[PDB]
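*Asks:* I have a structure here, written as structure tokens, and I will follow up with some questions on it.
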Amino acid sequence: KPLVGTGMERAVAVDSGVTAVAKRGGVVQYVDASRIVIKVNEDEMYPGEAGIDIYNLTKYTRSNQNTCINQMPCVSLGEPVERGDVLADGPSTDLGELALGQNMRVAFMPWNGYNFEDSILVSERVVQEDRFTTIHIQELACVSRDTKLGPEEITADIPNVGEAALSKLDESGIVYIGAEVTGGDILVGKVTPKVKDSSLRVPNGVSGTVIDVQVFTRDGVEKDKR
Amino acid sequence: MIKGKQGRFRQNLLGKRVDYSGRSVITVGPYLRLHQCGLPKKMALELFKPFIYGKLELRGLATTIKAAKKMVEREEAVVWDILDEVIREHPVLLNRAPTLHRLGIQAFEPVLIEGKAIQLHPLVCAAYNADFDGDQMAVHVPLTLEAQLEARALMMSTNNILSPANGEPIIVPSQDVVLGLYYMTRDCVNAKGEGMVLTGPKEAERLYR
Amino acid sequence: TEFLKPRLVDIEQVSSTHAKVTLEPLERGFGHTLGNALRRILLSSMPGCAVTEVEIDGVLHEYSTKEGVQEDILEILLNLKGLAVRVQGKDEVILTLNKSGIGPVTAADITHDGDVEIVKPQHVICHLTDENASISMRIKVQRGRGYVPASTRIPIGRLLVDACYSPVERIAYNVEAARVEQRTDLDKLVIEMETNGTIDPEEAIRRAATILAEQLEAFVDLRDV
Amino acid sequence: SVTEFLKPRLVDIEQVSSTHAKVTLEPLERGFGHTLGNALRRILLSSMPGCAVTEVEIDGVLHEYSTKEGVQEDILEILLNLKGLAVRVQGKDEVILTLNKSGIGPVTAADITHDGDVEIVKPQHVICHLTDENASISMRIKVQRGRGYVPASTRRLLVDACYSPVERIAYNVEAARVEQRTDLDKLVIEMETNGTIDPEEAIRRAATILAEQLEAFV
Amino acid sequence: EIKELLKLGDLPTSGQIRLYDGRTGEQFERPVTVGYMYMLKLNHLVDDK
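Protein chains in written order, with the authors' numbering: chain D, 697 to 890, 913 to 944; chain E, 330 to 538; chain Y, 6 to 159, 167 to 237; chain S, 4 to 158, 170 to 232; chain X, 1194 to 1242.
So, in structure tokens, the structure goes:
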């Protein structure tokens, strides 16, 4: 909630559709991270096609800078809600106001030369509550083309690989979601017939945790167990 | 084959790329000394792989090179001792992208520092004219003992204190420490410690503290 | 010549959250000296009981979301990081929180095993929006010291949370004059502190004395070259 | 592994010939170096029992800004010199000595009357200079016992008493490492004394003073 | 107006507050301007570079 606002945070917030704006006023009947259910006011509600509205939150998903983007509910159950107004803040939005960074206690002085040119100084307290912490998403893709001497298989069976590498994989040769993988480990077991190993791996020097695997298949070929 | 950019002169005699090279954003670490520089431990790990392998097979921890590679990538305990040993005396080159004047490349002694940023001596930054806005400086490593001699003898900060353009010390303090020193040699007419006498500076510091 | 020794002349529990204490008598100079020393140590390294691991049956990985709970899993974990606990005998323990139904969810619902003691039952973990959606979850908490993130120490369902082994947040000290006591220049040191409530002031200050002393035992232990 | 804290030990002591010296301790807990060095600095500076000249009088002068003929120095200059004298005394609190002498040349500390219990630790120390054959220097000096600094304002010319025997104390810290340990302090201490007591024992005495101050708690 | 709000607050009208050092444990002469700033995390993380 940036303390020294300018009043423009509201306009950018409402216009920037990162949030769940209320197309009409009324009350929320079901509140959840997944979605929201709104029973619009009867006067606001049309006589025909009356029904009730469902707002679908945008979940944890890939950004365009490999950052995280997600929407979260910000209203309790059975809560009055006004038309054209926030229901669930998006990233860096706060009750429908743009919250970009964070406000902190600050001081200006030379501290043992540690702030020589612009070298900002921060206490371990700031990191302790992780308020600066940020999330990033990495979308690693693998393709299965057909070369000469057979097609590219996706089997778990790979020659000359430790079982520990295979341990985190499944029956088909693809990792289970939620694995605390690290730089170097295999994700999908790809082999070029000859047979030679060409399995995908995490980039060197980057850890992470698998959030999801998307699979698409060229129309006219079968699918593995996973 | 001879003409044009693809021509061998313009193809392979020009600004190339260099192995055993690194880069990152830089910080201060003032407690360091101008005869010496910081370097994130990980960079030391990857940079000196053959050196560590040589010391390893010298110690016979893993005779074959593949096993030694496995040990170092596992980041086993003994490897850090080897890293300190090789860094015992092995200066390296620090560099900035817009290399205008020759101090933009300079030799320094690394010290192993945790974190993920390079501590750089304050004053030399002025020679590098490199603010801490996020400037990403690069690092190179000499190989032959003659190159080590050149760096420690020619590109060493101790051997590079005055400008080539003229004799003024390029190591003049820039903005902050000068404020402190100015604060030193300035008089308030009346305060504590005004109007007495001392036998020496030592008791002066004693009374100040 | 001599140096009169202070005593913990006062402990007072001004609030259920925190307290203040007093040391008396102290002589000139020792005031700010011991003040900074005690503040530094009493802020730096104390015991802790920060939550270490959290398992939830319906959760595969952290960044998912459970149905019927309005907030994110990560927000719930941060709320848990806002939890404070007290244990006496065991270094480690597993806490069990099971609850369903619409309404808030605070620490009061956790299993109340003997040495396990909640200091902030009112600390809300989350809210539940479904009459039938039971959060059922196990919480491994052990002792520690300082700040242990996940990347340092490092099962798929077992989700890791960084440690925050610190029971105190705010410390300050004030020197002042004492009674006449037939001797002036006697210094009363008042120490004010803020804690979650998991640590007694006397325990903290006694441990500070012990740790600083054994550090000075090195100064006692100065031998040879 | 909660009450355990790594126990540094003095790996070296590099002491300059007489009273200046430098100590190094490592490896230390993160940040303990600052508090330890600061406490040592403060205590060594603040409350150090000792003896020093408190008052001095000349036979034929009552005014501070005066001089005696046949002396190259000035009264205030001689006061500065005497403040630089280093002495130690028996358990007796205070005593009066004199610098009665007649001659030509410098007046060293060795020229001071031994006076039994009191012992000058630097006999070589220079007090004054005399040039006339007829100029005779005579004066009384009083040594007392204390554990701090006495500005003249805090009080037969006076002498501020530097009962603390240490002249300069300073400490710095660096990031020492153990095989895997991330950031462990190494405390370098640089100190200099009058030489009435060697540095290490002064450090020891400060440690005892604090520990006894600590002993009331645990 | 900022001074007006400061008067409404308990904070000094100038806003320069005396600070005390952790390492040394005493006041800094020439009391220091302190307050609250809205910093922002830029998208240049050292591991990336």
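Don't be surprised by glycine CBs; every beta carbon is placed ideally from N, CA and C.
Taking the alpha carbon of residue 146 of chain S as the point to measure from, which residue in S:21, S:174 and S:4 has its own alpha carbon closest?
*Replies:* Per the Cα distances, S:174.
*Asks:* Determine the contact status of residue 812 of chain D and residue 470 of chain E, defining contact as a CB-CB distance below 8 angstroms.
*Replies:* No.
*Asks:* Counting along the chain, where does the beta strand (DSSP E) carrying residue 27 of chain S start and finish?
*Replies:* That run of the beta strand (DSSP E) goes 24–31.
*Asks:* Using beta-carbon positions only, say whether residue 734 of chain D and residue 751 of chain D come within less than 8 angstroms of one another.
*Replies:* Yes; because the gap between Cβ atoms is below 8 angstroms, this pair is in contact.
*Asks:* So, with DSSP's three-state summary, where would you put residue 833 of chain D?
*Replies:* Residue state, collapsed to three classes: coil.
*Asks:* Of all the residues that make up the stretch 352–369 of chain E, which are near chain D by a beta-carbon distance shorter than 8 angstroms?
*Replies:* Residues passing the 8 angstroms Cβ filter: 356, 357 and 359.
*Asks:* What is the rounded straight-line gap between the Cα of residue 347 of chain E and the Cα of residue 807 of chain D?
*Replies:* C-alpha separation (whole angstroms): 38 angstroms.
*Asks:* What is the residue span of the beta strand (DSSP E) that residue 424 of chain E lies within?
*Replies:* From DSSP, the beta strand (DSSP E) with residue 424 of chain E extends over 421–424.
*Asks:* Who pairs with residue 846 of chain D in a beta bridge, going by DSSP?
*Replies:* D:843.
*Asks:* Excluding five sequence neighbours on each side, which residues of the same chain lie with their C-beta closer than 7 angstroms to the C-beta of residue 928 of chain D?
*Replies:* Taken in chain order, the residues that qualify are 871, 873, 874, 875 and 877.
*Asks:* Who are the Cβ neighbours of residue 942 of chain D in its own chain at under 7 angstroms, not counting the five residues just before and after it?
*Replies:* Excluding sequence neighbours, residue 942 of chain D sits near 850 and 868.
*Asks:* Note down, one range per segment and in chain order, each beta strand (DSSP E) of at least 3 residues found wholly within the stretch 411–463 of chain E.
*Replies:* Counting only runs of 3 or more, we get 421–424, 434–437 and 439–442.
*Asks:* Run down chain Y in chain order and give the residues with a C-beta less than 7 angstroms from the C-beta of residue 1222 of chain X.
*Replies:* The contacting residues do not exist; residue 1222 of chain X stays about 15 angstroms from chain Y at best.
*Asks:* At 7 angstroms on the CB atoms, spell out the chain Y contacts of residue 10 of chain S, in chain order.
*Replies:* Correct list: 230.
*Asks:* Taking only beta-carbon atoms, is residue 34 of chain S less than 8 angstroms away from chain Y?
*Replies:* By this cut-off, residue 34 of chain S is an interface position.
*Asks:* Contact check, residue 112 of chain S vs residue 88 of chain S under 8 angstroms by CB: the rounded distance?
*Replies:* 6 angstroms between Cβ atoms; contact.
*Asks:* Between residue 27 of chain S and residue 15 of chain S, which are expected to be in contact by the criterion C-beta below 8 angstroms, what is the C-beta distance as a whole number of angstroms?
*Replies:* Confirmed, Cβ separation roughly 5 angstroms.
*Asks:* Please list the segments of the beta strand (DSSP E) lying wholly inside the stretch 52–131 of chain S, counting only runs of 3 or more residues, in order along the chain.
*Replies:* Those beta strand (DSSP E) runs which fall completely within the stretch 52–131 of chain S and span 3+ residues are 53–61, 98–101 and 108–111.
*Asks:* Using a Cβ-Cβ distance under 8 angstroms, would residue 196 of chain S count as near chain E?
*Replies:* Residue 196 of chain S counts as touching chain E.
*Asks:* Give, in chain order, every residue of the stretch 445–469 of chain E whose Cβ lies closer than 9 angstroms to some Cβ of chain X.
*Replies:* Listed in sequence order: 445, 446, 463 and 465.
*Asks:* How many Å lie between residue 482 of chain E and residue 30 of chain S at the Cα?
*Replies:* C-alpha separation (whole angstroms): 33 angstroms.
*Asks:* Rounded to the nearest angstrom, how far is the Cβ of residue 920 of chain D from that of residue 880 of chain D, given a contact under 8 angstroms?
*Replies:* Right, the Cβ-Cβ distance comes to about 6 angstroms (below 8 angstroms), so this counts as a contact.
*Asks:* Indicate whether at least one CB of chain Y lies closer than 8 angstroms to the CB of residue 781 of chain D.
*Replies:* No, because no Cβ of chain Y sits closer than 8 angstroms to the Cβ of residue 781 of chain D.
*Asks:* At a Cβ threshold of 8 angstroms, is residue 180 of chain Y touching chain S?
*Replies:* By this cut-off, residue 180 of chain Y is not an interface position.
*Asks:* Write down the C-beta distance between residue 201 of chain Y and residue 94 of chain Y rounded to the nearest angstrom, noting that I regard them as a contact closer than 8 angstroms.
*Replies:* In fact, because the Cβ distance is near 34 angstroms, the residues do not count as touching under 8 angstroms.
*Asks:* Assign residue 517 of chain E to one of two classes, buried (16 or more other C-beta atoms within 10 Å of its C-beta) or exposed (fewer than that).
*Replies:* Answer is exposed; the Cβ neighbour count stays below 16.
*Asks:* Is DSSP giving residue 741 of chain D helix, strand or coil here?
*Replies:* In the structure shown, residue 741 of chain D sits in coil (DSSP, three-state: anything other than H, G, I, E or B).
*Asks:* Nearest to residue 297 of chain E by alpha carbon, out of E:491, E:334 and E:378?
*Replies:* Residue 297 of chain E falls outside the range modelled here, since chain E spans only 330 to 538, and no answer is possible.
*Asks:* For chain X, find out if any of its Cβ atoms is closer than 8 angstroms to the Cβ of residue 703 of chain D; answer yes or no.
*Replies:* No, no contact with chain X.
*Asks:* Could you check the C-alpha separation between residue 401 of chain E and residue 476 of chain E for me, to the nearest Å?
*Replies:* Roughly 26 angstroms between the two C-alpha positions.
*Asks:* Leaving out five residues before and five after residue 203 of chain Y in sequence, what residues of the same chain have Cβ atoms less than 6 angstroms from its Cβ?
*Replies:* 26 and 185.
*Asks:* For residue 198 of chain Y, which residues from the same chain have a beta carbon less than 6 angstroms from its beta carbon, with the 5 sequence-adjacent residues on both sides left out?
*Replies:* Result list for residue 198 of chain Y: 30 and 190, in chain order.
*Asks:* Touch check for the stretch 718–734 of chain D and the stretch 783–793 of chain D: three-plus C-beta pairs under 8 angstroms?
*Replies:* Yes, the stretch 718–734 of chain D touches the stretch 783–793 of chain D.
*Asks:* Which term fits residue 939 of chain D, buried or exposed, when burial requires 16 or more other beta carbons within 10 angstroms of its beta carbon?
*Replies:* Residue 939 of chain D comes out exposed.
*Asks:* Under 8 angstroms Cβ to Cβ from residue 110 of chain S, same chain only, skipping five residues before and after it: list those, please.
*Replies:* Result list for residue 110 of chain S: 102, 104, 129, 130, 131, 132, 133 and 140, in chain order.
*Asks:* Determine the closest residue to residue 154 of chain S out of E:330, E:523, E:343 and E:480, with distance taken between C-alpha atoms.
*Replies:* Looking at the Cα atoms, E:523 is the closest of the given residues.
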